[PDB]
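Listed next as structure tokens is one chain, alone, in the form deposited in one PDB entry.
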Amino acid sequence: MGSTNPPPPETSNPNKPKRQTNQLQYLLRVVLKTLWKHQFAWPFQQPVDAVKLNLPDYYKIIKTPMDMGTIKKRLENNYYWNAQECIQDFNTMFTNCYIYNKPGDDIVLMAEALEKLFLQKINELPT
């Protein structure tokens, strides 16, 4: 009975309604893809691997995981109906980090930076 990770969030759901919208195209080509290249992005590029990291309490505490790798796959697979759904997934990811960790932790400074950038990039979206 050693530690395991949960199954990752779904990136495809054939019974969920979806659309391609100008705002969602923008969220992939501009926002995600620019954030993905940032020097602080790496911890957020894949689901939190609590086994590899030796944080057996991670998924004890965080029940709604989200990461940019999943968000990337959702955008590529046209999983979302609108921009707001995806913005919500970005917000879940940031929030989870702030929940599990504490002010001034390196990982938090990273998420804080990314979140400021995020906000500056989604300030104006296409119509």
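The numbering used is simple: start at 1 and walk along the sequence shown.
One more form of this protein, deposited with a partner chain bound, exists but is not displayed; see below.
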item	value
Proximity to the partner chain in the deposited bound form, single hit among 100, 40, 26, 79 (heavy atom within 4.5 Å)	100
Distance check, residue 14 to the partner chain in the deposited bound form, heavy atom within 4.5 Å	no
Close approach of residue 105 to the partner chain in the deposited bound form, 4.5 Å, heavy atom	yes
is_contact(residue 84, the partner chain) in the deposited bound form, heavy atom dist at most 4.5 Å	no
Contact flag, residue 55 vs the partner chain in the deposited bound form, heavy atom cut 4.5 Å	yes
Per-stretch contact check against the partner chain in the deposited bound form, the hit in 27-35, 64-72, 84-92, 47-55 (non-hydrogen atom, 4.5 angstroms)	47-55
